[PDB]
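Undergrad: Quick one: structure below, then a few questions.
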Amino acid sequence: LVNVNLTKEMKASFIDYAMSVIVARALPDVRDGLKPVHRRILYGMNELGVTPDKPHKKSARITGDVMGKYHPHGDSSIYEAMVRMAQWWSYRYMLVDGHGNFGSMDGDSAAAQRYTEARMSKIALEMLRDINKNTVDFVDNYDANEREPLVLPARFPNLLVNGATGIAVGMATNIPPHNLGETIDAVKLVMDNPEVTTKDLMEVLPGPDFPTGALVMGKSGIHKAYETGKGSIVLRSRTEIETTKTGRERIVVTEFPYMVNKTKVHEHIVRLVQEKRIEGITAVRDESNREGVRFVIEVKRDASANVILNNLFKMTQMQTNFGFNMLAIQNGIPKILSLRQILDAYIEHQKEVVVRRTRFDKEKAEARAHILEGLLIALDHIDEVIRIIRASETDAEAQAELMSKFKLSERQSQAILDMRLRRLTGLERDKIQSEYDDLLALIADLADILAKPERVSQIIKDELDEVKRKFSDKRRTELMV
Amino acid sequence: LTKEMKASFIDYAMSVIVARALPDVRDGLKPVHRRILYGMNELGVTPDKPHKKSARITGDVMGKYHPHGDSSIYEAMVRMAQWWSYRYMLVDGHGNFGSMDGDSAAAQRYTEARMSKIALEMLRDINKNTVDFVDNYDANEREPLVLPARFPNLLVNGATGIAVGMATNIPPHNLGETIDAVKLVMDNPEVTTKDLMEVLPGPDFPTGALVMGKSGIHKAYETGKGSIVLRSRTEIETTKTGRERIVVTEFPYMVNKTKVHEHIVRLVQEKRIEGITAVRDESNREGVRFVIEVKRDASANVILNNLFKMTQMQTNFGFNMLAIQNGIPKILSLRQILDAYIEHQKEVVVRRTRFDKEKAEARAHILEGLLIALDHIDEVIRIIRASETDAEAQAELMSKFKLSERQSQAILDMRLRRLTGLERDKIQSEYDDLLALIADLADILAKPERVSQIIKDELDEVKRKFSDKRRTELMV
Amino acid sequence: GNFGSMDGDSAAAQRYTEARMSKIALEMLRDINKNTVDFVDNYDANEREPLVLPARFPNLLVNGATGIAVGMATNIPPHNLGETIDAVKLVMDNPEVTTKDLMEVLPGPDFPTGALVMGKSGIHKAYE
């Protein structure tokens, strides 16, 4: 069978086994927290240029395209994450704009692979634009040729606020979600104020949010989990007693906390009927739910319906003991972070992002500056260089005489030599001079941004406010003590 | 009314006859086959690349024109692959085409073909405005009504017409014999029919036969009417047991072996010579082994004359020998094919000369502007520095020297690489070369015999490239 | 598909041209093995085409014809089939019958819509 005798290669293959199973499935990353397959989806959708501006497209074709541009990995988790980042209700924020059959929230994952027709959302335009942006190393695949980026850089801790699902690999962890607006607020307060305290930002930060809209009670678990990320908290559904025209009372729920089925709990209600461990209950009904979710339990008189609500949030799954585990990974090794340290690593990432983008733009401007330096030096002593080309013979003689007379490089000399008559009007000569000084002003501006670091902070805050303007984030949940 | 009905009769009869009856004198190439070769040249894919297996070619053909069947277009393809019927050669192909056997190759697109070697030089000079064009009914692409030629294929491949008024037999001939006939009529406008007997000893076949007559050939090349003998080859050899064995290789043309053999079996089996149960007619993939053995107490020659009376081993092959030119049919003789091909090639060469003068004098005008630019430069530079517009620069150049608009703008098309003096001498050298070639073409245009010499040049080109002998062994 | 019923709207949906035939060609012609009709050859003169349509049936006598504007005009007006079979079989078993006694067998020239016919002098002229 095995007959493998060398324990050393067993240990080495076992370390690669463990770390590769880590790297494969979902991890608390530095910059996106995502699966690498998510990164694959995003980078393929970007570099194919499939915008939401353009119309819809059959997406299983795109799935096979990305699968063929990448490794021959299995289709299952691919199509799974394809659905998951198109599910509007599960992830708090919108990524993939599907068009087909999914199942709403009640245990029917419709998997119509033929009908896989979709687009994306407009938030990847805020997520990543690294076309020219020297940011991230690449790994090569098909006989080691074609790029794949290591990480997903951004200007945005959105995926902090999204939430994570990486549990069964080694030890368990997740990321519970918040909303974005007060996140922007507390972040900018740390930006302009690098020496703030936790609880004063808890004054800025409400509870961990949920897309359905949850009733939150208690803050001791909030105190523990904003610090150390461990603990379960209690969650209740928006549930009311309503009187009829007859005086009969009605238990009316609006939503539920996270990871709840209507139908499994409904079967559990029918159990509780036939289990004969709860009384009073008459009608278990649910209709018209697509204009708005409306599930109604209706109970006879002389029953103490609020005590029955107490019995619901004691024994039924309507009560939620929602636990946290945010056990981080920063450059491979597992860690654990406070809410400050997350944003700190975000800050220094934005530092490196804007610095490297500015240096790429710097080298753009420097190269074009040397171009226009050569142009203006050609404009200096024109007829002498006319005599030069009327005299000399070769590339070597021309470059030697131009370097002796004007101290320029070879490419500069040849770009001089590539000047035609139709770029010899004094109009375009002074337009060269004008755009030359324009780029000089841009170089000086970027050097001034290199002088002081806080301009980066200010521009980040500006475009955070732009995103919060285009993406107003009202609340949906409710916190109590 | 009835005059308009007569107009419809005349015009529609012209449509049908020019459609599917005899082609022009100028090409000898039927317009179906003409468009086959034109679209296969406009495939562009060389015969050097391996020849294709597709009906996409014929789909573009049917997009070019709607017939009463593209299966007939494929029939035209296959009948131009019939080397055993139509001579050398118009198809570079691979697929099933059979022989003169009764073969049915239903695999239509599954055959391979592309351009052929003779077609390559046969249809050059499209890029020289030599031949006129007409638009299709589809109003999108054009087509030529005639073709340029490098030989009278009229004589190379014959004609087997249909009787719309009457059909037409035209026999094939030989390559180099036709070349010698061209040279003969070129050197002498005073040739005779015996001269034609010299440079053409006789019409030949891709298979071979025997033509015993002489004056039928004489009336064929003079009157255009007459019938000949087509005879099978006969070889009388000795069986080891004493039988006058008959070996046959050649045959009359358009004569399958199969039904002839069946009628021979019938004539045996109708109370006649029945002891000839010896018909060894096989192994014909090396050649033709059509061997019988005459029975004992019977001579071979009587059975030979009886099968000549069966009109299949000796056949009166007639000739109608008609043609189409200037919208009319015509009874044929030589100095008509001959002078027609001569003056057609005159048209082609002279119009090619005119087009080459067009290109050469245009480029000469360019290099005029180039050398006049390279005379004096820096003053033009400094006056350009006193300007800000290419229209102003054009007006400045018109004030400076005599140029064209194209010349002025091409002088504007000068980077700093253009500012040397060696390339001045190079442009001057090619300028004098081009002036010398223009004067050469003008002197050739003031030379009638030089055209004939160019015709001799192309004849010697195709003669060094190819030749063919008389495979059809003819005794008279 | 789409045709238009009888009121001047010839629907010509060439894309929608989806069809079958009727079961009467099984009575019309079965010449597979049947040495009946010469053939003419087309694409470089190879493939068959029959000269005529033989049958066992004068059905197309009873159908009707439309050949008018070519030279002079002619048609074939239709009958029905049953009394046609009757009068034909009477001529078969009786080769020396008269016209009007078969007009006793043959009603007027028929029409598919169902027409009111008056008069028989034109019937006398046109059957002759």
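Undergrad: Anything in the range A:365-376 that is away from chain B (no Cβ under 13 Å) and touching a residue at least 24 places away in the same chain (Cβ under 8 Å)? List them, or say none. Can you show your working first?
TA: So the first thing to find is which residues in the range A:365-376 are away from chain B (no Cβ under 13 Å), and the list is A:365-373, A:376.
The answer is A:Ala365, A:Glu366, A:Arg368, A:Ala369, A:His370, A:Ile371, A:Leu372, A:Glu373, A:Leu376.
Undergrad: I need a count of the residues in the range B:101-119 that are of a type outside the set (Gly, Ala, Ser) and within 14 Å of chain C (Cβ to nearest Cβ). Can you show your working first?
TA: From the range B:101-119, those of a type outside the set (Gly, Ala, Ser) are B:101, B:103, B:108-112, B:114-115, B:117-118; that's our starting set.
Next, from what is left, pick out any that are within 14 Å of chain C (Cβ to nearest Cβ): B:101, B:103, B:108.
Summing the residues that are of a type outside the set (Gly, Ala, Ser) and within 14 Å of chain C (Cβ to nearest Cβ) in the range B:101-119 gives 3.
Undergrad: Name the pairs: first residue in the range B:262-282 and under 16 Å from B:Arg245 (Cα atoms) and touching a residue at least 24 places away in the same chain (Cβ under 8 Å), second residue surrounded by 12 or more Cβ atoms within 10 Å (Cβ to Cβ) and of a type in the set (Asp, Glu), Cβ to Cβ under 8 Å, at least 6 apart or on different chains?
TA: Here the result reads B:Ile276/B:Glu293; B:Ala278/B:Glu293, each pair linking the range B:262-282 to a residue that is surrounded by 12 or more Cβ atoms within 10 Å (Cβ to Cβ) and of a type in the set (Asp, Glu).
Undergrad: So which of A:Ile386, A:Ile342 is assigned to a helix (DSSP H, G or I) and touching a residue at least 60 places away in the same chain (Cβ under 8 Å)?
TA: Working: A:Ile386 fails: touching a residue at least 60 places away in the same chain (Cβ under 8 Å).
Being assigned to a helix (DSSP H, G or I) and touching a residue at least 60 places away in the same chain (Cβ under 8 Å) holds for just one of A:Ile386, A:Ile342, which is A:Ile342.
Undergrad: I would also like to ask the following. Would you check if there is a residue in the range B:65-73 being more than 14 Å from chain C (Cβ to nearest Cβ) and within 20 Å of B:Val32 (Cβ to Cβ)? Please lay out each step first, then the result.
TA: We begin by selecting, within the range B:65-73, every residue more than 14 Å from chain C (Cβ to nearest Cβ); these are B:65-66.
Then drop every residue that is not within 20 Å of B:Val32 (Cβ to Cβ), which leaves B:65-66.
The answer is yes; a qualifying residue exists.
Undergrad: A follow-up question, please. Looking at A:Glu435, A:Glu428 in this structure, which one is of a type outside the set (S, T, N, Q), under 29 Å from B:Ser387 (Cα atoms) and in contact (Cβ under 8 Å) with a residue 60 or more places away in the chain?
TA: The conditions single out A:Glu435.
Undergrad: Which residues, counting only those in the range B:70-114, are part of a helix (DSSP H, G or I) and crowded, with 18+ Cβ neighbours inside 10 Å? Quick ask: steps written out before the conclusion?
TA: First, pick out the residues of the range B:70-114 that are part of a helix (DSSP H, G or I): B:71-79.
Correct list: B:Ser72, B:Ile73, B:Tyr74, B:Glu75, B:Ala76, B:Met77, B:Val78, B:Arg79.
Undergrad: Restricting to the range A:134-171, name every residue that is surrounded by 15 or more Cβ atoms within 10 Å (Cβ to Cβ) and of a type in the set (D, E, K, R).
TA: Hits for the range A:134-171 are A:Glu148, A:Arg155.
Undergrad: Mind counting the residues in the range A:393-433 that are within 13 Å of chain B (Cβ to nearest Cβ), more than 16 Å from B:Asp378 (Cα to Cα) and not in a helix (DSSP H, G or I)?
TA: Total satisfying the criteria: 3.
Residue-by-condition table, conditions (1) away from chain A (no Cβ under 14 Å); (2) out of contact with any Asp or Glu (no Cβ under 8 Å at 6 or more places or on another chain); (3) crowded, with 16+ Cβ neighbours inside 10 Å; (4) at positive phi:
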{"site": "B:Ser299", "(1), (2), (3), (4)": "yes, no, no, no"}
{"site": "B:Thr315", "(1), (2), (3), (4)": "yes, yes, yes, no"}
{"site": "B:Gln325", "(1), (2), (3), (4)": "yes, no, no, no"}
{"site": "B:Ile328", "(1), (2), (3), (4)": "yes, yes, no, no"}
{"site": "B:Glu343", "(1), (2), (3), (4)": "yes, yes, no, no"}
{"site": "B:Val350", "(1), (2), (3), (4)": "yes, yes, no, no"}
{"site": "B:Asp356", "(1), (2), (3), (4)": "yes, yes, no, no"}
{"site": "B:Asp378", "(1), (2), (3), (4)": "no, no, no, no"}
{"site": "B:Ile384", "(1), (2), (3), (4)": "no, no, yes, no"}
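Undergrad: For the range B:228-286, name all the residues that are basic (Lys, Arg), assigned to a loop (DSSP other than H, G, I, E, B), over 40 Å from the mean Cα position of the chain (by Cα) and exposed (fewer than 13 other Cβ atoms within 10 Å of the Cβ).
TA: The initial filter retains those residues of the range B:228-286 that are basic (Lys, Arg), namely B:231, B:233, B:240, B:243, B:245, B:257, B:259, B:266, B:271-272, B:280, B:285.
Of the ones still in play, those that are also assigned to a loop (DSSP other than H, G, I, E, B) are B:233, B:240, B:243, B:271-272, B:285.
This time we only want the ones that are over 40 Å from the mean Cα position of the chain (by Cα), so: B:240, B:243, B:271-272.
Those that are basic (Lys, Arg), assigned to a loop (DSSP other than H, G, I, E, B), over 40 Å from the mean Cα position of the chain (by Cα) and exposed (fewer than 13 other Cβ atoms within 10 Å of the Cβ): B:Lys240, B:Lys271, B:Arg272.
Undergrad: Next question. If I ask for residues that are assigned to a loop (DSSP other than H, G, I, E, B), buried (at least 16 other Cβ atoms within 10 Å of the Cβ) and touching a residue at least 24 places away in the same chain (Cβ under 8 Å), which ones from the range A:124-133 would you list? Don't jump to the end; show me each part of the working.
TA: Restricting attention to the range A:124-133, the residues satisfying the condition of being assigned to a loop (DSSP other than H, G, I, E, B) are A:128-133.
Remaining after also requiring buried (at least 16 other Cβ atoms within 10 Å of the Cβ): A:128, A:130.
Within the range A:124-133, A:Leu128 is the sole residue that qualifies.
Undergrad: Give all pairs with beta carbons closer than 9 Å in which a residue from the range C:35-47 that is away from chain B (no Cβ under 11 Å) meets a residue that is among the β-branched types (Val, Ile, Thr); count only pairs at least 6 apart in sequence or on separate chains.
TA: Sorted first by the residue in the range C:35-47, then by its partner, the pairs are C:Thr36/C:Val52; C:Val37/C:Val52; C:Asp38/C:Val52.
Undergrad: Right, next: Just one of the numbered conditions (1) more than 14 Å from chain C (Cβ to nearest Cβ); (2) farther than 27 Å from B:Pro152 by Cα; (3) in a helix (DSSP H, G or I) is not true of B:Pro50; which one?
TA: It fails just one condition, (3).
Every residue, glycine as well, gets a Cβ built from its backbone with ideal geometry; the counts of neighbours run over all protein chains shown. Since every read-out is calculated from the coordinates, none of them should be taken as a lab result.
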